[PDB]
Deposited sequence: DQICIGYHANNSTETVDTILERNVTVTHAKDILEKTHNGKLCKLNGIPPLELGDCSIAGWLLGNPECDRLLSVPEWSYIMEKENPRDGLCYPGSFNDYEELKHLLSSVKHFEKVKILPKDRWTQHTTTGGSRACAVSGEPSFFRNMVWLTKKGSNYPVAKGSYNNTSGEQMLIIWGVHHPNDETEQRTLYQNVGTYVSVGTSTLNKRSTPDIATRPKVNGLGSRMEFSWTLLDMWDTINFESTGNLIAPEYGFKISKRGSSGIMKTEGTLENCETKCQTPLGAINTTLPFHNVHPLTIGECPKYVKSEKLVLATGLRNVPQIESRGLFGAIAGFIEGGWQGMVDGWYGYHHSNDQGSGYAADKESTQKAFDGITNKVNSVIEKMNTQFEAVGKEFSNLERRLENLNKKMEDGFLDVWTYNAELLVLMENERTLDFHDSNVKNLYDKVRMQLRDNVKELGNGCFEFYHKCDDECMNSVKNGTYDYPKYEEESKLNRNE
């Protein structure tokens, strides 16, 4: 008769990394890093994004004639913009606080265009001005959401306009100021020199004066146009007053829906698909705590790491070599129902077996460990992306260094955690096997003979019921004291 204690081995080729060893083959493993994507731009939670195409945000809001497909725009989940859009400001100029406007748009999901100043109200001025830069079918034209005021006859009276925000939400209003190239242009367009443009709300007070100077020609013109924006609160009034050089708004954008959104810089096209996580390269469908696809992401997505491999060991170490010995020589390829178990060879045949309580405890421990590593990570809606102007380099560097530092910290945390946990579980398995061996040895006492390979040779004749009692921890030592004593002394 004979009983042996050993562990389980299979044909797996999965390897993990520990703090003491590299490339350790294991029976089972779990990957906690996602490295794949579908390479497509899809809908987020069932709502399609807003595809700007070759247009810019300023061109969309101002009403560029080449962006006429965006006159009415439905609800969106995020905005897709090209890195260097072509159709922006057709008339050369600037746009004050552009990055602030984009950041505000990062948390707006829908707009509603409202006619706040009808074009026909300017009954004392000419409202049909145009330029060759914003030309449609050769003929000169202008922005579709703005009105250009010009003298009627040889008179430019004071232009006054007001609007009381009775819409129901905050309103975004954009106006502009014209900077001509020479005094002849100023006198031909506005008939007076020394003009002003005045805009004032309950919390805003701005006055601007045109600048007349020769400038390098952009898009064929030496003139410029400066645009400004404001947010009109509910039940608040905006006033306009100008003696010349005023580009007046005809529409105002009301914030109809609010939420978490962002601007994605991409050159692709929307495709028919759905997802819950979106990256500039493609969507992610995963349930793991890490990924290394792209730092910029929109939606509820796992943390981003600069790691090419993060594998948690779950099973034992694969050292399969092997009367039949025990755990000392190596693992077993015949035990296919548990991690740790027994092996017996008596008169009524032989065979393998598997201990239940120890395997259950080890399995529960490993499951708790992996769940604790996974669920201890906070996931929220992250839309990390910001634009800075050419005079805001220090702020941009600060933002970049902050993101880089946090990324490095989390990379170090994940790597060290996995490296140490793999070593601990590998030692845990050996400790469990040794504990089972010690328990069996203590329960058997002097009635058996050790062999040095994890196997015990019995002195008495142990049948199947006695082996079952041994495996279940119900061995009756007194029942075999007299029997085993005779052979031991002989």
Not represented among the modelled residues are deposited positions 323-329
